[PDB]
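Have a look at the structure below, then the notes.
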Amino acid sequence: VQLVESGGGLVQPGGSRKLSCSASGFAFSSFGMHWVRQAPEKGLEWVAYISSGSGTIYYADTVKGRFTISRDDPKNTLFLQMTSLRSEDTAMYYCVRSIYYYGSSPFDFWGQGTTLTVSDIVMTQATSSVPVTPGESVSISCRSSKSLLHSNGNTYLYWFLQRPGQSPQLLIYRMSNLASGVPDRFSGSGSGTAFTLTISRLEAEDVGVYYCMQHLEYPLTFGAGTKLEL
Amino acid sequence: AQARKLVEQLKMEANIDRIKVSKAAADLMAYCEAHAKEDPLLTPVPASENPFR
Amino acid sequence: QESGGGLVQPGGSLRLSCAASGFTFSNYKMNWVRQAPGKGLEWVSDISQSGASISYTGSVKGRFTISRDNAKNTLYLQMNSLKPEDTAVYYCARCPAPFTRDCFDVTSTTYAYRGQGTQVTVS
Amino acid sequence: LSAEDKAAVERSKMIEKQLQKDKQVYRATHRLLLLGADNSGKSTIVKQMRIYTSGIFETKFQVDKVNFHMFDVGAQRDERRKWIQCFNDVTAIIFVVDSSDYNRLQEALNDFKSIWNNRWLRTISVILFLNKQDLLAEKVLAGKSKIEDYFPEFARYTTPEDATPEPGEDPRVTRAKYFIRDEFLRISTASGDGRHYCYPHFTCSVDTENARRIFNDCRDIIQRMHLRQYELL
Amino acid sequence: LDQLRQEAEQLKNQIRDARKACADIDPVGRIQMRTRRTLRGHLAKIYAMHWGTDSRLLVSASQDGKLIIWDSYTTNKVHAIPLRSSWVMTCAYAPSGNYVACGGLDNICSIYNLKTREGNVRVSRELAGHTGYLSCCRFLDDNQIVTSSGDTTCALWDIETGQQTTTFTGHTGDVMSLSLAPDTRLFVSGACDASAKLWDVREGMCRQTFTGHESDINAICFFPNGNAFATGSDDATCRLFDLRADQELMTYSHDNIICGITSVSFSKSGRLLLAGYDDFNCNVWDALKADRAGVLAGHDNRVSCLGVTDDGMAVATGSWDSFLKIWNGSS
Amino acid sequence: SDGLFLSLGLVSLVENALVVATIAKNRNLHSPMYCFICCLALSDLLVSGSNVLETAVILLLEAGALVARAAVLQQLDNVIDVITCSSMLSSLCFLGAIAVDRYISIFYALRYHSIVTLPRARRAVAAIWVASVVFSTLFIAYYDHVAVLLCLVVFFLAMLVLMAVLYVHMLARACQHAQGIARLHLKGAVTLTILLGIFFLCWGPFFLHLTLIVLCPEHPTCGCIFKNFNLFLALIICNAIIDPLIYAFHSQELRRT
């Protein structure tokens, strides 16, 4: 699995820039391709979405009328079209594969990311910094604007970690599950509107910022971001 | 060769202890009557909990 | 359980019996199949459930009269003019599936439904 | 209908459009089963017209823009009554028989009866490739074996009127070959209820026009089943 | 040589005498199943289905040559598995859910990996140690499988290595059916000999042989207890055997039935014995009364497959009419 | 005429709806043949409904709660005419389409599934109803012209001839198969005779009426048989009773349900 992409950088302000996603190593034609950006000092916010078969396309309400997503299966590539970005469009973007069937793990693999800098459920994370010692049980919480338990038992909250040097990663999908290359220490739970992530025994590789995504109703929204200091 | 092997197989199979068929069937009847309530196809589930409709 | 063979001179007479039990004789299209020494396994006679349809192999067309007694559960094959080149162990092939007019594998090398046989030798 | 469930009813439909692609392929290519014996020559039949511990041996061939399967049942066991059911809803059954060895001719007749009277092979027509007719020709030209030994009824049997001998053919070999063919058509006319007919054929190892024979035969089966579907026949 | 057959006959007489000496409730009612789903999309003959361990997912093997994974609630194509041997006669769903096994006329048993990191269902191992067609394959664990073939052999394979840890060679005909026990320590089979056999999976030897039938055997499944099983036959009857008693218990036939059984599956509680038949429809036998508890008459051709969830919620049947109906109660 | 006409319409509609429901339920028959059969069944349903509604509104006009409204009088009559012409020209082409399906299956037995499929079947159905509605709304609401009731004159013969040739050129094959069978060892006469004579007897009267109305408006009999136009239409309306019964209700799949 390898999602590598680029495209951003230097362009005349107020202009257009096309973001791609050079997917490699997986059955691209069966996966759903999202997009996510990150405020340079703040948390994430959704960008766009193209589904399997290029039939369903949802957008970010802030820029719904003017962003342009696209995809090209027979070359296992992806594209995203920016037009006349404002000064708020200074952020660094992500590429996401996802697939939806019974038992699947959407947002399982998050790409490496690329920068683009030119000069509704709401998630609240009032917690932004917590001191903790290795080997001690710690928890981080995220709060929503309404319920997320849908009629089919799901919970539609994706826990995350952004390790202090690289891209995000899935710790728990749908509030209770676990990713592929992830230890068994991690665990989480939901109350109905507020959530929490539990790490049984901290170690060196569990430092950074933990995020929260919902997926129950569009648009997708993240929390503030709780940085952990050891 | 096949005759000797067959003879040995029947000899080995004839030494197995055997319980009366009454107990052998009573076990199955008891197992059925001890797990019926959790068998939806025998006693149907309520429609709300029925997930096929 | 084929039974009823023995010595006989060319042109003699014999009777072949097949005691059957455990598999409801009166339902299956019984057979008679022959394995002469040094030769393969080839069918000779045939009979339906009611004794209506009968078939011979030509080499046995004029002499061997098949019969069948569903009441006593026994299959017969009457010998009348045994020629010297009709010596063999007489197997008793039974049809695979009940209530059917098709018999597939009654001449197989290893077939489940078949008697031990009866060696019949003609001088 | 949730966002992930909405994509669950979407990939299912992209798989629908893949199963509606293979239906066109599946119903536009006709299957055939090949049956025979050790010396029948079906191996030679395949080796001649395929080129123009594996349980089942496949064969690909097409004639006049129609694709045909032919499943030669290979490294299986002597018995037959459990892997023969798998070949229902098949277009036809090719049943090669060697008629130049009268010892096994009646066994081949029994096999033909079994295929013909089979409960699942009752809607299945048969293409009898009566094989190696020339061997049966020298079996009587240099007459040493009396066919009446295993066939007393051949004594008072005469050549059928509709016989069409190949140019330069002795009448006696015509008698013999049409005799065997008639034994192979008697089982056909005995039962079948018209829903499937038997198709006699005079084939050999080097018969280099078998493909058209399967082609014509299969066209006949499908034409006749539609004509019965239209109560025109 | 003659003395050998004499001793064999004496031992068989001893076995029969021992079995003879060994031998010594509200009805279920008219069960109806109003086909809460109807799972279309198979292009050809359907021959085998197997439930997932989650009582939701389901694979069906059809003789087009494709395994199809469906979501039993919302009727979705979760996966599409094309094959190379169109003549599929068995299918299995591994308990972990990562693997599924299919086998058919070709002597191979192919292992298919579902939960892969690249996305597409792909092969894991091809098992090639047979000389006859494979008719029933079942996953023991993630790395073990049990296969019953046409040549008179059952087997236990190590999936990682690809070699038979043990071969089971006591039969005399084509082995049709195969059922792993609840504890995955034993399995039973029927082998077109009117002789069903019990086997031990570790030692590698046939423990018992049961000879109640008068024709071939088509389907076999353990009672959910693991101390019994039932066999389906072409002689138009089903029979119930007990492992410890080593005998026959009941026969499942009525005078109006002329055609043979091809697929047997028990109930999760074992009280309902579903059975597929030649006459274009299923039947459900209360496995302790041998009566016709009901009929799943919804198919236009011969039923070929049958299975019940691990939760007892539903049962799925598929005839060669290319449809895999899913059945459940009401109220 | 007035009551038996409505009775025939309703009994025809009942069988047409039964056929449509049976095909929609037993979806294992989702083939171009059965799509064409069901579409003929519902076009016959349209024939039944339009013909019955003609007389129903005519009778209900006696209790004329709605005003006479001469504009509405010339509108509603034209509209009910449009429907009983659209239904005619759909049923016609659908009998033709069934015949051509029969013929392509017989003469292209190994290529029918590579010629005709559900895409082309539904496309032809849509094109046929498009032609029907267009030609009806043009032939009426735009009344007698040189082309109208003259091009329609060519159109009924040209189909029954193309109806007849196909079902005659497949009794010839059916006979040819009988000699082949018996050489190595009838009903098609009945099939052709029904499928042609029933259609001819049911449809011919109205069309000879509409052939005379354009060339022979002067005789004591060439106008006497015109007075039996109601009998002509009642003979037509028996088609929705007979045709689906003889085309469907013959396969074992339909006979089961």
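Scheme for the structure tokens: letters A, B, ... for chains in order shown; per-chain residue numbers from 1; ligand numbers from 1 in order shown.
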
Could the residues of chain D that have an atom at most 6 Å from chain A be listed as JSON lines, each with its closest atom pair and the distance in Å to one decimal, counting only C-alpha atoms and ordered by chain and ascending residue number?
```
{"residue": "D:4", "atom": "CA", "partner": "A:100", "partner_atom": "CA", "distance": 5.6}
{"residue": "D:7", "atom": "CA", "partner": "A:100", "partner_atom": "CA", "distance": 5.8}
{"residue": "D:8", "atom": "CA", "partner": "A:101", "partner_atom": "CA", "distance": 5.2}
```

For the residues in the current selection, export C-alpha atoms as a PDB file, in the first residue's frame.
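Result written to again-v8.pdb:
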```pdb
ATOM      1  CA  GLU D   4     -20.954   3.648   4.409  1.00  0.00           C
ATOM      2  CA  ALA D   7     -21.445   2.717  -0.643  1.00  0.00           C
ATOM      3  CA  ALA D   8     -22.371  -0.855   0.316  1.00  0.00           C
TER       4      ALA D   8
END
```

Taking only C-alpha atoms into account, what are the residues of chain C at most 8 Å from chain E, put as a VMD selection string? chain C and resid 22 to 23 96 to 99 110 to 113

Using only C-alpha atoms, what does the table of stretch 232-297 of chain E residues within 12 Å of stretch 6-22 of chain B look like, with each row giving the shortest atom pair and its distance in Å to one decimal, sorted by chain and ascending number, as a tab-separated table?
```
residue	atom	partner	partner_atom	distance
E:241	CA	B:21	CA	10.3
E:242	CA	B:21	CA	8.2
E:243	CA	B:18	CA	9.2
E:244	CA	B:18	CA	5.9
E:245	CA	B:18	CA	5.4
E:246	CA	B:18	CA	7.2
E:247	CA	B:21	CA	8.0
E:248	CA	B:21	CA	9.2
E:249	CA	B:21	CA	8.1
E:250	CA	B:21	CA	11.6
```

Selection near stretch 49-52 of chain C, 12 Å with only C-alpha atoms, sequence-local residues under 5 positions removed, as a tab-separated table (two decimals) with N, CA, C and O atoms, in the first residue's frame:
```tsv
chain	number	residue	atom	x	y	z
C	24	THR	N	-33.69	-54.24	-0.67
C	24	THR	CA	-35.02	-54.26	-1.30
C	24	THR	C	-34.98	-54.71	-2.76
C	24	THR	O	-35.26	-53.91	-3.67
C	25	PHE	N	-34.62	-55.98	-2.98
C	25	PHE	CA	-34.46	-56.56	-4.32
C	25	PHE	C	-35.47	-56.07	-5.35
C	25	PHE	O	-35.11	-55.77	-6.49
C	26	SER	N	-36.74	-55.96	-4.96
C	26	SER	CA	-37.86	-55.75	-5.89
C	26	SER	C	-37.87	-54.37	-6.54
C	26	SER	O	-38.85	-54.04	-7.21
C	27	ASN	N	-36.83	-53.56	-6.38
C	27	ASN	CA	-36.83	-52.19	-6.87
C	27	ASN	C	-35.75	-51.91	-7.90
C	27	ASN	O	-35.88	-50.93	-8.65
C	28	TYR	N	-34.70	-52.71	-7.96
C	28	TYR	CA	-33.52	-52.39	-8.75
C	28	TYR	C	-33.45	-53.24	-10.00
C	28	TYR	O	-33.90	-54.39	-10.01
C	29	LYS	N	-32.88	-52.67	-11.06
C	29	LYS	CA	-32.68	-53.37	-12.32
C	29	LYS	C	-31.47	-54.28	-12.19
C	29	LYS	O	-30.33	-53.86	-12.43
C	30	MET	N	-31.70	-55.53	-11.82
C	30	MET	CA	-30.60	-56.46	-11.58
C	30	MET	C	-29.90	-56.82	-12.89
C	30	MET	O	-30.40	-56.57	-13.99
C	31	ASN	N	-28.72	-57.43	-12.75
C	31	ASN	CA	-27.86	-57.73	-13.89
C	31	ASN	C	-27.20	-59.08	-13.69
C	31	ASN	O	-27.36	-59.74	-12.66
C	65	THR	N	-31.47	-68.28	-19.95
C	65	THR	CA	-32.78	-67.70	-19.68
C	65	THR	C	-32.76	-67.08	-18.30
C	65	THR	O	-32.67	-67.79	-17.29
C	66	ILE	N	-32.85	-65.76	-18.24
C	66	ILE	CA	-32.86	-65.06	-16.97
C	66	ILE	C	-34.24	-65.13	-16.35
C	66	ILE	O	-35.27	-65.16	-17.04
C	67	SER	N	-34.28	-65.20	-15.02
C	67	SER	CA	-35.50	-65.14	-14.25
C	67	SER	C	-35.25	-64.27	-13.03
C	67	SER	O	-34.14	-63.79	-12.80
C	68	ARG	N	-36.30	-64.07	-12.23
C	68	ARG	CA	-36.19	-63.21	-11.06
C	68	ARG	C	-37.39	-63.40	-10.15
C	68	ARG	O	-38.54	-63.34	-10.61
C	69	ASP	N	-37.15	-63.64	-8.87
C	69	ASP	CA	-38.21	-63.90	-7.91
C	69	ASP	C	-38.16	-62.83	-6.83
C	69	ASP	O	-37.46	-62.98	-5.82
C	70	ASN	N	-38.90	-61.74	-7.04
C	70	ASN	CA	-38.90	-60.64	-6.08
C	70	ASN	C	-39.50	-61.04	-4.74
C	70	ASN	O	-39.26	-60.36	-3.74
C	71	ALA	N	-40.27	-62.13	-4.70
C	71	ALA	CA	-40.86	-62.55	-3.43
C	71	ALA	C	-39.82	-63.17	-2.51
C	71	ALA	O	-39.80	-62.88	-1.31
C	73	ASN	N	-36.53	-62.76	-3.05
C	73	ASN	CA	-35.34	-61.92	-3.16
C	73	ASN	C	-34.15	-62.73	-3.67
C	73	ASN	O	-33.13	-62.88	-3.01
C	75	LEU	N	-32.06	-63.70	-7.56
C	75	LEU	CA	-31.89	-63.52	-9.00
C	75	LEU	C	-31.31	-64.80	-9.60
C	75	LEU	O	-30.33	-65.34	-9.08
C	76	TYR	N	-31.91	-65.27	-10.69
C	76	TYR	CA	-31.53	-66.51	-11.32
C	76	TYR	C	-31.02	-66.27	-12.73
C	76	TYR	O	-31.27	-65.22	-13.33
C	94	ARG	N	-25.93	-55.15	-9.32
C	94	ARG	CA	-27.17	-54.46	-8.98
C	94	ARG	C	-27.08	-53.00	-9.40
C	94	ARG	O	-26.01	-52.39	-9.39
C	95	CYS	N	-28.22	-52.44	-9.77
C	95	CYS	CA	-28.27	-51.10	-10.33
C	95	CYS	C	-28.05	-50.06	-9.23
C	95	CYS	O	-28.47	-50.26	-8.09
C	98	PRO	N	-32.34	-46.52	-7.08
C	98	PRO	CA	-33.68	-47.10	-7.17
C	98	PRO	C	-34.60	-46.23	-8.00
C	98	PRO	O	-34.34	-45.05	-8.24
C	99	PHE	N	-35.71	-46.84	-8.44
C	99	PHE	CA	-36.74	-46.13	-9.20
C	99	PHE	C	-36.16	-45.49	-10.45
C	99	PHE	O	-36.55	-44.38	-10.84
C	100	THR	N	-35.21	-46.17	-11.08
C	100	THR	CA	-34.55	-45.63	-12.26
C	100	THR	C	-34.41	-46.73	-13.31
C	100	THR	O	-34.41	-47.92	-13.00
C	101	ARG	N	-34.30	-46.29	-14.56
C	101	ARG	CA	-34.11	-47.19	-15.69
C	101	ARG	C	-32.69	-47.13	-16.23
C	101	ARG	O	-32.42	-47.65	-17.32
```

As a PyMOL selection string, list the residues of chain B assigned to helix (DSSP H, G or I) by DSSP on the backbone atoms of this structure. chain B and resi 2-13+21-33

Just write the chosen residues, N, CA, C and O atoms, as an mmCIF file, in the first residue's frame.
```cif
data_model
loop_
_atom_site.group_PDB
_atom_site.id
_atom_site.type_symbol
_atom_site.label_atom_id
_atom_site.label_comp_id
_atom_site.auth_asym_id
_atom_site.auth_seq_id
_atom_site.Cartn_x
_atom_site.Cartn_y
_atom_site.Cartn_z
ATOM 1 N N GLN B 2 -4.876 -57.197 0.751
ATOM 2 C CA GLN B 2 -6.081 -56.449 1.093
ATOM 3 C C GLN B 2 -6.938 -57.212 2.092
ATOM 4 O O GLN B 2 -7.582 -56.606 2.957
ATOM 5 N N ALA B 3 -6.961 -58.541 1.988
ATOM 6 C CA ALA B 3 -7.740 -59.342 2.925
ATOM 7 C C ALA B 3 -7.214 -59.192 4.347
ATOM 8 O O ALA B 3 -7.988 -58.996 5.290
ATOM 9 N N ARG B 4 -5.892 -59.274 4.519
ATOM 10 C CA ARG B 4 -5.310 -59.149 5.852
ATOM 11 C C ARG B 4 -5.542 -57.759 6.429
ATOM 12 O O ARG B 4 -5.874 -57.617 7.612
ATOM 13 N N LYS B 5 -5.366 -56.720 5.610
ATOM 14 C CA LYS B 5 -5.598 -55.360 6.084
ATOM 15 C C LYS B 5 -7.056 -55.156 6.473
ATOM 16 O O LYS B 5 -7.350 -54.527 7.494
ATOM 17 N N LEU B 6 -7.980 -55.682 5.670
ATOM 18 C CA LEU B 6 -9.396 -55.580 6.002
ATOM 19 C C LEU B 6 -9.697 -56.302 7.308
ATOM 20 O O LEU B 6 -10.448 -55.795 8.152
ATOM 21 N N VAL B 7 -9.113 -57.488 7.494
ATOM 22 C CA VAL B 7 -9.322 -58.240 8.728
ATOM 23 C C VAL B 7 -8.825 -57.441 9.924
ATOM 24 O O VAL B 7 -9.500 -57.347 10.955
ATOM 25 N N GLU B 8 -7.639 -56.843 9.797
ATOM 26 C CA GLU B 8 -7.098 -56.039 10.888
ATOM 27 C C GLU B 8 -7.979 -54.830 11.175
ATOM 28 O O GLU B 8 -8.181 -54.462 12.338
ATOM 29 N N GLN B 9 -8.503 -54.190 10.127
ATOM 30 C CA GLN B 9 -9.362 -53.028 10.330
ATOM 31 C C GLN B 9 -10.635 -53.400 11.076
ATOM 32 O O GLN B 9 -11.024 -52.712 12.026
ATOM 33 N N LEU B 10 -11.303 -54.480 10.664
ATOM 34 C CA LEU B 10 -12.485 -54.916 11.406
ATOM 35 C C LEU B 10 -12.135 -55.336 12.828
ATOM 36 O O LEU B 10 -12.911 -55.091 13.759
ATOM 37 N N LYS B 11 -10.975 -55.966 13.022
ATOM 38 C CA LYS B 11 -10.567 -56.349 14.370
ATOM 39 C C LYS B 11 -10.415 -55.122 15.258
ATOM 40 O O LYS B 11 -10.895 -55.099 16.398
ATOM 41 N N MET B 12 -9.752 -54.083 14.746
ATOM 42 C CA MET B 12 -9.579 -52.858 15.520
ATOM 43 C C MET B 12 -10.916 -52.173 15.770
ATOM 44 O O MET B 12 -11.170 -51.674 16.872
ATOM 45 N N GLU B 13 -11.786 -52.145 14.761
ATOM 46 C CA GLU B 13 -13.060 -51.453 14.895
ATOM 47 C C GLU B 13 -14.047 -52.209 15.772
ATOM 48 O O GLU B 13 -15.027 -51.615 16.233
ATOM 49 N N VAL B 21 -28.153 -47.452 22.773
ATOM 50 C CA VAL B 21 -28.709 -46.450 21.868
ATOM 51 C C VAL B 21 -29.686 -45.535 22.597
ATOM 52 O O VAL B 21 -29.881 -44.378 22.200
ATOM 53 N N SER B 22 -30.296 -46.021 23.679
ATOM 54 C CA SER B 22 -31.192 -45.181 24.464
ATOM 55 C C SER B 22 -30.481 -43.924 24.944
ATOM 56 O O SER B 22 -30.973 -42.808 24.751
ATOM 57 N N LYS B 23 -29.306 -44.086 25.557
ATOM 58 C CA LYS B 23 -28.538 -42.930 26.010
ATOM 59 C C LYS B 23 -28.038 -42.101 24.833
ATOM 60 O O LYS B 23 -28.002 -40.866 24.905
ATOM 61 N N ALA B 24 -27.659 -42.764 23.738
ATOM 62 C CA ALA B 24 -27.124 -42.056 22.581
ATOM 63 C C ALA B 24 -28.153 -41.104 21.984
ATOM 64 O O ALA B 24 -27.807 -40.003 21.543
ATOM 65 N N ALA B 25 -29.423 -41.510 21.955
ATOM 66 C CA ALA B 25 -30.487 -40.634 21.478
ATOM 67 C C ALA B 25 -30.985 -39.674 22.550
ATOM 68 O O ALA B 25 -31.408 -38.553 22.226
ATOM 69 N N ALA B 26 -30.951 -40.089 23.819
ATOM 70 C CA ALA B 26 -31.344 -39.200 24.903
ATOM 71 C C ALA B 26 -30.422 -37.995 24.978
ATOM 72 O O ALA B 26 -30.862 -36.890 25.311
ATOM 73 N N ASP B 27 -29.137 -38.187 24.674
ATOM 74 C CA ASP B 27 -28.215 -37.056 24.648
ATOM 75 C C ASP B 27 -28.634 -36.029 23.605
ATOM 76 O O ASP B 27 -28.643 -34.823 23.880
ATOM 77 N N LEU B 28 -28.994 -36.487 22.406
ATOM 78 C CA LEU B 28 -29.409 -35.564 21.355
ATOM 79 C C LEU B 28 -30.702 -34.853 21.733
ATOM 80 O O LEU B 28 -30.850 -33.644 21.511
ATOM 81 N N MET B 29 -31.655 -35.594 22.300
ATOM 82 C CA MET B 29 -32.911 -34.978 22.715
ATOM 83 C C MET B 29 -32.679 -33.929 23.796
ATOM 84 O O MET B 29 -33.268 -32.841 23.752
ATOM 85 N N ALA B 30 -31.823 -34.236 24.771
ATOM 86 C CA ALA B 30 -31.518 -33.276 25.824
ATOM 87 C C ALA B 30 -30.820 -32.043 25.266
ATOM 88 O O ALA B 30 -31.110 -30.917 25.688
ATOM 89 N N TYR B 31 -29.895 -32.233 24.323
ATOM 90 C CA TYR B 31 -29.216 -31.091 23.722
ATOM 91 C C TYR B 31 -30.198 -30.210 22.965
ATOM 92 O O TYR B 31 -30.114 -28.978 23.029
ATOM 93 N N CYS B 32 -31.133 -30.821 22.231
ATOM 94 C CA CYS B 32 -32.142 -30.030 21.533
ATOM 95 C C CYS B 32 -33.022 -29.262 22.511
ATOM 96 O O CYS B 32 -33.294 -28.073 22.308
ATOM 97 N N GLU B 33 -33.475 -29.915 23.580
ATOM 98 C CA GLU B 33 -34.368 -29.244 24.513
ATOM 99 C C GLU B 33 -33.638 -28.292 25.445
ATOM 100 O O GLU B 33 -34.295 -27.552 26.184
#
```

Show me which bits of chain E are within 6 Å of chain B, counting only C-alpha atoms, as a PyMOL selection string. chain E and resi 4+8+15+22-23+36+73+244-245+269-271+312-313+329+331

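For the set E:44, E:58, E:121, E:156, the residue with the smallest atom-to-atom gap to chain F is E:44, counting only C-alpha atoms.
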
10 Å contact set for residue A:195, only C-alpha atoms, chain neighbours under 3 positions out, as a ChimeraX atom specification: /A:140-144,157,159,175,188-192,212

As a short mmCIF file (atom, residue, chain, number, x, y, z; two decimals) with C-alpha atoms, in the first residue's frame, please: every residue in stretch 65-227 of chain E that a backbone DSSP assignment puts in strand (DSSP E).
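Below is the file selection-v3.cif, written as the result:
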```
data_model
loop_
_atom_site.label_atom_id
_atom_site.label_comp_id
_atom_site.auth_asym_id
_atom_site.auth_seq_id
_atom_site.Cartn_x
_atom_site.Cartn_y
_atom_site.Cartn_z
CA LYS E 66 -17.57 -18.01 -9.52
CA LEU E 67 -17.82 -17.67 -5.74
CA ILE E 68 -20.02 -14.77 -4.66
CA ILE E 69 -19.89 -13.19 -1.20
CA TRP E 70 -23.20 -11.68 -0.07
CA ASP E 71 -24.44 -9.65 2.89
CA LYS E 77 -22.09 -8.27 -3.46
CA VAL E 78 -19.29 -7.94 -0.92
CA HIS E 79 -16.83 -9.82 -3.16
CA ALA E 80 -16.71 -11.37 -6.62
CA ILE E 81 -14.40 -14.38 -6.95
CA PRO E 82 -13.86 -15.70 -10.48
CA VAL E 88 -17.37 -26.41 -8.47
CA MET E 89 -18.94 -28.90 -6.08
CA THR E 90 -18.01 -27.51 -2.66
CA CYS E 91 -17.25 -24.27 -0.84
CA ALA E 92 -16.20 -23.29 2.67
CA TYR E 93 -15.83 -20.13 4.76
CA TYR E 99 -10.01 -17.42 3.85
CA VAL E 100 -12.54 -19.37 1.80
CA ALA E 101 -11.99 -22.76 0.15
CA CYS E 102 -13.65 -24.06 -3.01
CA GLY E 103 -13.30 -27.39 -4.77
CA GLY E 104 -14.95 -29.23 -7.63
CA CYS E 109 -8.76 -27.40 -3.54
CA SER E 110 -7.99 -23.69 -3.95
CA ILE E 111 -7.69 -21.42 -0.90
CA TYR E 112 -8.92 -17.84 -1.32
CA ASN E 113 -7.78 -14.99 0.95
CA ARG E 122 -6.81 -13.72 -4.09
CA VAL E 123 -5.54 -17.28 -3.81
CA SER E 124 -3.54 -18.55 -0.85
CA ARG E 125 -2.70 -22.20 -1.63
CA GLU E 126 -3.58 -24.88 -4.19
CA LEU E 127 -3.90 -28.40 -2.80
CA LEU E 134 -13.18 -33.18 -4.69
CA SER E 135 -16.71 -33.03 -3.33
CA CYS E 136 -16.52 -31.43 0.15
CA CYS E 137 -13.93 -29.11 1.69
CA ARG E 138 -14.00 -27.69 5.21
CA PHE E 139 -11.60 -25.41 7.08
CA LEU E 140 -10.39 -26.88 10.37
CA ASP E 141 -8.48 -23.78 11.48
CA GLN E 144 -5.71 -26.75 8.33
CA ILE E 145 -8.33 -28.12 5.94
CA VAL E 146 -10.15 -31.41 5.37
CA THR E 147 -11.13 -32.60 1.89
CA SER E 148 -13.16 -35.59 0.66
CA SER E 149 -12.52 -36.65 -2.91
CA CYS E 154 -10.35 -38.13 2.82
CA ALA E 155 -7.41 -35.97 3.84
CA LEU E 156 -6.08 -33.43 6.33
CA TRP E 157 -3.84 -30.73 4.89
CA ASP E 158 -1.41 -28.19 6.29
CA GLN E 163 0.97 -31.32 2.06
CA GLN E 164 -1.32 -33.89 3.64
CA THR E 165 -0.53 -34.24 7.33
CA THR E 166 -2.67 -37.38 7.10
CA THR E 167 -4.46 -39.36 4.39
CA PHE E 168 -7.66 -41.30 5.12
CA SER E 177 -19.79 -35.28 1.90
CA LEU E 178 -17.70 -34.14 4.83
CA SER E 179 -18.45 -32.49 8.16
CA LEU E 180 -15.95 -31.26 10.73
CA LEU E 186 -13.25 -35.56 14.19
CA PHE E 187 -15.07 -35.70 10.88
CA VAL E 188 -17.49 -37.97 9.01
CA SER E 189 -18.10 -38.69 5.35
CA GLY E 190 -20.31 -40.58 2.92
CA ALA E 196 -20.46 -43.63 6.23
CA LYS E 197 -17.21 -43.47 8.17
CA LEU E 198 -15.96 -41.62 11.25
CA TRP E 199 -12.32 -40.54 11.40
CA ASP E 200 -9.78 -39.19 13.89
CA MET E 205 -7.21 -43.81 11.23
CA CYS E 206 -10.86 -44.60 10.59
CA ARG E 207 -12.61 -45.25 13.88
CA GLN E 208 -16.06 -46.48 12.82
CA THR E 209 -18.03 -47.35 9.70
CA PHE E 210 -21.83 -47.23 9.42
CA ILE E 217 -24.50 -41.06 0.02
CA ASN E 218 -24.71 -37.42 -1.05
CA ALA E 219 -24.64 -35.14 2.01
CA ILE E 220 -23.46 -35.32 5.63
CA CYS E 221 -23.42 -32.90 8.56
CA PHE E 222 -22.69 -33.16 12.26
#
```
